[PDB]
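Pasting the sequence and an experimental structure:
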Amino acid sequence: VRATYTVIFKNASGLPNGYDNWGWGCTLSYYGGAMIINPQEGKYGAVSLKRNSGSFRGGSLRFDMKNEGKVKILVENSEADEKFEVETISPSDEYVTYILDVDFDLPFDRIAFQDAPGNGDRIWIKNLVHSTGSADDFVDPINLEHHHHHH
Ligand code: NA
């Protein structure tokens, strides 16, 4: 019952180690540790972070995000040709941390962030982690590693 946390990236200066991007309709740039998604207008651009090898199953996704528009979070199984909408996130000027249960009943090898309104709103992502356990049971190894010196 020990949860496995998989840190996908903290600060990004490029595509996460062991991942490719199998989305469309965006350009990517990296500054301030953020993966900066620039969707093109009219494309509903997505970044689909594709594991080179293996799959996650269930549990929960943790990440920081700011975004000028609504963002659709998905997981996908490449082999089964199956997508699952995890959540749609409202616009925010400031980074907000989300921890979201993945209720998909299949393994997933892809985690996607999509420009839902398709108007080209930018999206900024940092600190992407997967846990095998639930959102309520998530003990963030990222925030824990900031305050370890104190308590
Ligand atoms: Na844009």
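Nice, I can see it. Residues are numbered from 1 along each chain as shown.

Now residue 21. Nearest residue, chain neighbours left out?
Using C-beta to C-beta, 6 or more residues apart in numbering and skipping residues adjacent in sequence, the residue nearest residue 21 is residue 47, 5.5 Å away. Bear in mind the C-beta positions are built from the backbone N, C-alpha and C, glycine included.

quick one: the one you found and residue 106, what's the gap?
21 Å (C-beta to C-beta, to the nearest Å).

Looking at those two, which is more packed in?
residue 47 (24 against 15; other C-beta atoms under 10 Å).

So the more buried one lies in a strand, does it not?
Yes. Under DSSP: H, G, I helix; E, B strand; the rest coil, residue 47 sits within a strand.

Would you check that it makes contact with residue 24?
No. Using C-beta atoms under 8 Å, residue 47 makes no contact with residue 24, being 9.2 Å away.

anything in contact with each of the two?
Counting by C-beta atoms under 8 Å, 6 or more residues apart in numbering, residue 47 and residue 24 have no contacts in common.

got the residue ranges for the strands in this protein?
5-9, 19-21, 26-31, 34-39, 46-51, 60-67, 71-77, 82-89, 92-101, 110-115, 123-131 (DSSP state E).

These: which one's closest to residue 140?
Nearest to residue 140, of all the strands of the chain, is strand 60-67, at 6.3 Å by C-beta to C-beta.
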